[PDB]
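Have a look at the structure below, then the notes.
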Amino acid sequence: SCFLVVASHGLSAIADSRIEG
Amino acid sequence: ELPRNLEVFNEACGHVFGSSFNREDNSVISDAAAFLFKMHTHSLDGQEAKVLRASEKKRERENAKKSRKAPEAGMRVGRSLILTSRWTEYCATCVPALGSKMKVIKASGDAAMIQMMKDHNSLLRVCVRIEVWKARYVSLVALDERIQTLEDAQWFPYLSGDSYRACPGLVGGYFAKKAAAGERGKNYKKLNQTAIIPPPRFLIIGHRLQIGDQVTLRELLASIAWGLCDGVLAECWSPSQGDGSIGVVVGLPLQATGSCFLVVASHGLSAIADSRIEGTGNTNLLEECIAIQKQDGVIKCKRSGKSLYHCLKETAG
Amino acid sequence: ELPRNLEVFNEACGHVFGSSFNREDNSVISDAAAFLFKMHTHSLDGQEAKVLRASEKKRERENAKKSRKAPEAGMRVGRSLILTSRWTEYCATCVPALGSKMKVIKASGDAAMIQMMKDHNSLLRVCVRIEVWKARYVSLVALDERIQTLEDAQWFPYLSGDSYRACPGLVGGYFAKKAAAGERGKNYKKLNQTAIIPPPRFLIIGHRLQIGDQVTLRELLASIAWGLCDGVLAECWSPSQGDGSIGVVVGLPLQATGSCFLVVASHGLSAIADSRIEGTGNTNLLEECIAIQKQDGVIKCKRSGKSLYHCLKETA
Amino acid sequence: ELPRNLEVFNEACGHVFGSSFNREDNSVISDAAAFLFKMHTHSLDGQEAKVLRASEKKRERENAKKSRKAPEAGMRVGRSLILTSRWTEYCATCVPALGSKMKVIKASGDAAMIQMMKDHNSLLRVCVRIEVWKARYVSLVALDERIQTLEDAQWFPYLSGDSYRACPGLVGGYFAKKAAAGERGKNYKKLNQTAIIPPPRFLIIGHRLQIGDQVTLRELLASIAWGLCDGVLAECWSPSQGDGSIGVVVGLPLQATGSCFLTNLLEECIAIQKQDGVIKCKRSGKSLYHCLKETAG
DNA sequence: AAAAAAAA
DNA sequence: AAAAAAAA
DNA sequence: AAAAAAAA
């Protein structure tokens, strides 16, 4: 699977949802 | 009643598919639009070969396509689309000949030919809008293998050159990458990855997507976002009475296309590469919010921090 | 008692637009200036063709332009400008022939032709100043498609080659990038993105923007800055009684043109590439301040951190 | 009993400007020196053309300059300088002919021509020193357009080719960049952007800039530094009774002309020589240009 | 903070 | 926030 | 979230 969350509607892109924190 | 583009698309679909064309199924409309786009780009079998500047392999491919027999009447397309016996007449009449350019048609001065070319261009634009919407819709439950890093995800959707030519501001892929890398003119358009595109059942009817419409979660999300967009966009929906499968639209996201966060150096100040992350050192992206506009007003909703694909997968388990 | 620079522009606008030219609307003046800039650069239909070194595509485009029917009296140019029958005579007599160079005119010694060339050059300068102001004004709400990063935003505005030729110190774009990224002679002018340009309704009458004149927030912001400049500049304006979109200028920022923060190594000291950031390690960019020249005296105002475009969007 | 170096400059200034040349105003002296430099480099209107290897544009410019009418007596060069009728005679008799080389003059053995060439070289050196000082003085309040980064600021002043030829040690710019970015011979001089140059009013009289002489803050700052040098150098000047824009020099920084090193950054100090002795003064961290702008009001 | 040499 | 010169 | 230009 892919955990990317591209930047949209003024939000900041994420390279990996899990690692964020 | 309807603009020129929608009327042209409806007439063409009705002529080609007769009564087999369902006007209220998104998948059927998308399949019909894809078939029409193939027909109007001379990509189907039995149509003019592309040899102008084609390489030997491309020349062989196009010659094989030309030699191949064209589709016969009644041939199944997609799931529930059947070609009528009169599709050949429509293909011969309404499809401009290969290499036709609007300038040459205008120089000819034939009003009928000018209107034919205008209808063809509008049909290409509508079909490519439907193609982009279907790409988003598929991407909600089917991750693309070609998208591995944010650099690859930056160019979604990956559509052919015709799609980019028709809708440069919506279609991405290799050609959008080439255009961005290369020289930028005054006609350059940036890839609006999250521009709002109404569902095909709405696009053909011309009903602009707004608040209160009866739509499904997947189709709305494809309308306003795609698979890897943040999950907070799911807040733009709400299940209807008794759950079911079709809900209602409670709002729409803002800053769909317009979004610049630079602050250039001016009057003795130092430039900033991004207003958001600058802050003071706390790069917590989970604290960001998106402004959803609803009937009552605009509300800031905290970002979920998980992709739309992952949210849909988790809610389906 | 206006200078010849503005007198020429006013005469040209009057001759070409009759009474339809309104000298109180910024949009109308900008449209008239754009039309006159395209008329004095031989860009209108039916004018000479730029085929000195044109490529195949450019040669074809210029030939099509030459063959295309020229504008006729009564044509609508913009929203509130209508060309008069005299416009043909003005274009024939006041627009120098394509390729004319001031050196040859001066050498010939003809007073009339020298005056015509001087008037044409002054008109080009005024029109390009108005064009840059209009670009700033537009960018306050609709950013260019080419502005993605600070490297791209460093060359705003993106105006044509003739625009850069007329006003190299204000115009940016591709030609400013080409000049800066190349050999720089003694007569080299640095792009001043924040140079103060009065609104066209003030520019075409010689009025100099100052404290206490009635303007609009967008007007002042486009005069002293553009969309991506920090939002603290909004403090230069102040709404009047009842607002009504009309306020007053309460100040103007200092250090709009000359800003250098280098310290070369000298006398055993180490060089610094930027004074502000060096400090001790505290890189708080939101604690910076700008100097505003009020009626009383210079005051330091803390920066906001959000571009003018973003701030206007949020406060809309 | 001044050195011949300054005597030649004084004689030339007197012959070319008569009594209109004021030997006490820095701006007037700088303008006179610039005019004399451009006269001795064969750059004035009506002088010989530089067409040895000129390109098309340069050839045309030189031809136009030659054809252009030369300056005449009574012309205003600057703000307070007026040429005299003797300027033509001085130009004809003192300025060496274009392309003249000192080796040929020495070989000829003519004492008068050798003296003329030596005086011309000395005048060029003095005029270029004055020009460098004037460039520093100008940059103290109005920086150059080309100076954007330390890479660009490393080659100030951006003087012309003849300026670099006369004083390679002090002059910078494009030709100094070329010399540094290239092979270096034995007789190679390093650009000293902070070499001490007394103000022209002191230079033309041979006075050595020293502690206890009345000068302006801008005068001292342009003598010992330039616009982008650190502001700590302002400590070398002390206002007198009532200020009045005239003060006194209390010291001159050491290590001015040469240097080689082969919280803490702002804690660096500069050595200043005072009447009592050497002291160390902490740096300010801001350029002289920015400091003067901030203290202007 | 001297003597010699030597333009895009 | 002036005088001179000068297109992908 | 109009029109006219216009293939790896």
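Read the figures in this text as sums done on the coordinates, not as results from a lab. Cβ: placed from backbone, ideal geometry, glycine included. Neighbour counts: every protein chain shown.
Remarks
- Chain C: calculated mean residue ellipticity at 222 nm from DSSP helix runs of at least 4, using -39500 (n - 2.57): -11500 deg cm²/dmol
- Relative compactness, the protein assembly as shown, computed as alpha-carbon Rg over 2.2 N^0.38 Å: 1.21
- Stokes-Einstein translational diffusion, chain B - Kirkwood Rh over all Cα pairs, 0.890 mPa s, 25 °C, in µm²/s: 111 µm²/s
- Spin-label proximity, D:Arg79 to the range D:279-297 - amide N less than 20 Å from point 7 Å beyond Cα toward beta carbon: D:293, D:296
- Only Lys, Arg (+1) and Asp, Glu (-1) charged, at Cβ; the range B:213-315 dipole about Cα centre in debye: 80 debye
- Hydrodynamic radius (Kirkwood) for the range C:151-218, which is based on Cα pairs only, to one decimal in Å: 13.7 Å
- For chain C, the longest principal axis of the alpha carbon atoms and the long axis of helix C:4-17 meet at an angle near 50°.
- Low-density loop positions, GluC sites (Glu not before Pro), the range D:1-63 - DSSP coil, at most 16 other Cβ in 10 Å: D:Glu1, D:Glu24, D:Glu48
- The C-alpha atoms of chain C define a longest principal axis, and helix C:26-40 lies at about 50 degrees to it.
- Which listed pairs, of C:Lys186/D:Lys58; C:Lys106/D:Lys58; D:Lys57/D:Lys190; B:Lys189/C:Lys58; D:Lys134/D:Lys190, have C-alpha distances above 24 Å, in listed order: D:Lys57/D:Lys190
- Top of C:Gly279, C:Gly242, C:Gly14 by mean-square fluctuation, Gaussian network on chain C, Cα under 10 Å: C:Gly279
- Total formal charge among the other residues, if their Cβ is under 15 angstrom from that of D:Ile270, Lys/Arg +1 and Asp/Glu -1: +1
- Orientation-averaged projected area, Cα convex hull of the range C:158-268 (nm²): 10.4 nm²
- Positive contributions from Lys and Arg (+1) and negative ones from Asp and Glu (-1), summed over other residues with Cβ under 11 Å from the Cβ of B:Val77, come out at +2.
- Mean separation of Cα contacts under 8 Å, 6 or more apart, over the residue count of chain C: relative contact order %: 15 percent
- Nearest-20 debye value, the protein assembly as shown charge dipole, Cβ charges on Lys, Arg, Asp, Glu: 3300 debye
- Top positive-direction residue, dipole computed over the range B:4-143 with Cβ charges, set B:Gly18, B:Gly109, B:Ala92: B:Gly109
- Convex hull of Cα atoms in the range D:4-142, direction-averaged projection (nm²): 9.8 nm²
- The range D:211-295: radius of gyration over Cα atoms, expressed as a fraction of 2.2 N^0.38 Å: 1.10
- When the Cα positions of B:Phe156, B:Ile197, B:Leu123 are compared along the charge dipole of the range B:54-206, B:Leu123 comes out farthest toward the positive end, with charges on each C-beta of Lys, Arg, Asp and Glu.
- Computed E for C:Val104/D:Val104 - FRET, C-beta separation, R0 25 angstrom, nearest 0.05: 0.05
- Proxy reagent accessibility, fewest Cβ within 10 Å first, across B:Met75, D:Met39, B:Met116: B:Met75, B:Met116, D:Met39
- Helix B:111-139 and the long axis of chain B differ in direction by around 50°, with both axes built from C-alpha atoms.
- Cross-link partners of D:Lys282 among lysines, defined as those whose alpha carbon lies under 25 angstrom from its own and excluding same-chain residues fewer than eight positions apart: D:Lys274, D:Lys293.
- For B:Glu288, residues with placed amide H under 5 Å, excluding near neighbours: B:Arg303
- Net charge, D:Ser240 excluded, C-beta distance under 14 Å - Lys, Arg +1, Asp, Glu -1: -3
- Around the Cα centre of chain D, unit charges on the Cβ atoms of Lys, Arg, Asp and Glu (plus for the first two, minus for the last two) sum to a dipole of about 1080 debye.
- Rotationally averaged projected area of the range B:99-227 (alpha carbon convex hull; nm²): 10.0 nm²
- Cα pair count fraction exceeding 15 Å, expressed as % - the range B:255-317: 71 percent
- Loop-located trypsin sites (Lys or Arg not before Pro) in the range B:45-78 (DSSP state not H, G, I, E or B) with no more than 13 neighbouring Cβ atoms inside 10 Å: B:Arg53, B:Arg68, B:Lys69.
- Bridgeable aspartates and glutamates around C:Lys103 (alpha carbons under 19 Å apart, same-chain partners fewer than 8 residues away excluded): C:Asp119, C:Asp162, D:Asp45, D:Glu56, D:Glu60, D:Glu62.
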